[PDB]
């Protein structure tokens, strides 16, 4: 109802707490981007067919260009804020738990989640099946209506709706699935601001 009244928070990993990063130097070389230009800005200014070919190449080679992941904007700050309140935090991800654990350690958030509450590939059916959120709801003995699922992709929102949890979209700037989305924020930093302000006027 009010966001701050939710004391049980579940996050997706990829796209929500962490984001893939890519080899900028390799992109600039392949796409002939001048050093003085931003990659995206430069591509948007090119003739349409040239821009299209170069964007297609970039998407085609996303895995070739990837260089691991970094925390998403505001993600660390938001998780630390929630943990500081004594809120219960979980993860629901397609990633193997061991890989999720390693990622959490790398971004300095491993102490914010009980290990049993990090649900990976082997702990839950694939999204948008509700099983993983129900597992957390059971472990926490809490109404799903008093939980929030935080994600950046339609399967996260569908998973929340299927389990009966509230839903937050982060990491898109607008509200593309309004019926599936209880709150939306451009990123985890705006979400933390929303949390701070809502029902506190």
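Positions refer to the first chain, counted from 1.
Can you let me know which of the two, 154-162 or 44-52, has the higher average C-alpha B-factor in the entry?
-> So the stretch with the higher mean C-alpha B-factor is 44-52.
Which is higher on average in the deposited entry, the C-alpha temperature factors of 63-71 or of 24-32?
-> The stretch with the larger mean CA B-factor is 63-71.
Could you look up the Cα B-factor of residue 141 in the entry and say which third of the chain it sits in: lowest, middle or highest?
-> Residue 141: CA B-factor falls in the highest third of its chain.
Chain-relative CA temperature factor third for residue 129 = According to the entry, residue 129 has a C-alpha B-factor in the chain's middle third.
C-alpha B factor of residue 96, ranked within the chain: lowest, middle or highest third?
-> Its C-alpha B-factor, which the entry lists for residue 96, ranks in the highest third among residues of this chain.
Residue 12 CA temperature factor, ranked by third within the chain = Its C-alpha B-factor belongs to the lowest third of this chain's values.
Would you check the entry's CA temperature factor for residue 182 and let me know if it's in the chain's lowest, middle or highest third?
-> As the PDB entry reports it, the C-alpha B-factor of residue 182 lands in the middle third of its chain.
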